[PDB]
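Residue numbers (the deposited numbering), protein chains in the order written: chain P, 2 to 11; chain B, 1 to 99; chain A, 1 to 99.
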């Protein structure tokens with residue numbers, strides 16, 4: 002479904 | 001409060017004077033909200049996730065009331081699949097994982 | 001244990017015999033692990049995040065020990081930029097968000 006992983010700003 | 005994870009950990013937040021529903025996301029370094037207007041200057045940025053990167057607008061030092069707790073920090077706005085409250089703000093409200 | 005969010009909440013997990021580091025992700029419905037040649041039957045699936053969707057292989061009833069706490073459930077394998085523990089397993093180990 003939804004796997005909202007978020008890295009560092011780029 | 002203590003929030004279990006049988007359902008998505010969504011809470012109401014206050015930002016720019018407006019109310020919104022956001023997801024407490026320990027897997028996000030930053031906070032990203034769906035397209036919206038926010039006061040002040042912003043800088044073009046990019047952030048990545050499982051599907052790759054997206055372009056966002058970066059607003060700094062933005063006050064956000066999260067489920068009753070106050071935070072003031074960076075808020076990214078862009079085509080995120082959902083309003084996400086990241087660690088940058090989760091740490092400010094003293095949020096931790098426990099088991 | 002209590003995990004603060006100053007840094008990414010990475011913990012050691014045991015799966016398919018191997019030991020690896022994975023992100024405790026409250027913003028993920030499912031568990032996704034970086035590509036690994038696990039044995040057994042699987043079903044094709046598409047999971048999304050920021051940036052878009054990726055194709056993954058779904059394995060059911062897979063044992064996963066999280067920081068010593070035993071769990072067992074569906075594990076997705078594919079081109080994810082990080083090993084991710086989703087709510088499907090976090091609920092099994094009694095993980096909560098607290099502030």
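Beta carbons: idealized from backbone N, C-alpha and C, even for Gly.
Chain A contact residues for residue i, given Cβ-Cβ distances below 8 Å
i             : result
residue 94(B) : 99
residue 5(P)  : 25, 27, 28, 49 and 50
C-alpha distance - residue i paired with residue j, whole-angstrom precision
i             : j             : result
residue 35(B) : residue 17(A) : 43 Å
residue 79(B) : residue 64(B) : 19 Å
residue 96(B) : residue 53(B) : 27 Å
residue 3(P)  : residue 81(A) : 15 Å
residue 1(A)  : residue 10(B) : 23 Å
residue 94(B) : residue 50(B) : 27 Å
residue 60(A) : residue 20(A) : 19 Å
residue 7(B)  : residue 77(B) : 25 Å
residue 66(B) : residue 98(A) : 13 Å
residue 92(B) : residue 70(B) : 8 Å
residue 55(A) : residue 15(A) : 21 Å
residue 62(B) : residue 22(B) : 15 Å
Buried versus exposed call for residue i [16 or more other C-beta atoms within 10 Å across all chains shown]
i             : result
residue 83(B) : buried
residue 68(B) : exposed
residue 72(A) : exposed
residue 90(A) : buried
residue 37(B) : exposed
residue 12(B) : exposed
residue 4(B)  : exposed
residue 25(A) : buried
residue 11(P) : exposed
Neighbour list for residue i in chain A, Cβ cutoff strictly below 9 Å
i             : result
residue 84(B) : 27 and 50
Neighbouring residues, chain B, relative to residue i (Cβ below 9 Å)
i             : result
residue 63(A) : Going along chain B, no residue has its Cβ under 9 Å from residue 63(A), so there is no contact; the nearest lies around 17 Å.
Cross-chain neighbours of residue i in chain B, by beta carbon under 8 Å
i             : result
residue 81(A) : 48, 49 and 50
Chain B residues whose Cβ lies nearer than 7 Å to that of residue i
i             : result
residue 90(A) : 5
Margin query: By the 9 Å beta-carbon criterion, what residues does the segment 42 to 56 of chain A contribute toward chain B?
Written below: 47, 48, 49, 50, 51, 52, 53 and 54: these are the residues of the segment 42 to 56 of chain A whose beta carbon lies less than 9 Å from some beta carbon of chain B, given in chain order.
Next item on the list: Give a yes or no on contact between the segment 39 to 47 of chain B and the segment 34 to 49 of chain A, applying the rule of three or more CB pairs nearer than 8 Å.
Entry: They do not touch, by the three-pair rule.
Check: Any contact of the segment 17 to 33 of chain A with the segment 85 to 94 of chain A, i.e. 3+ C-beta pairs under 8 Å?
Finding: Remark: three or more beta-carbon pairs, one from each stretch, lie closer than 8 Å, so the segment 17 to 33 of chain A and the segment 85 to 94 of chain A are flagged as touching.
Notebook entry, point to check: Of the residues that make up the segment 1 to 32 of chain B, which ones have a beta carbon closer than 8 Å to any beta carbon in chain P?
Noted result: Listed in sequence order: 23, 25, 27, 28, 29, 30 and 32.
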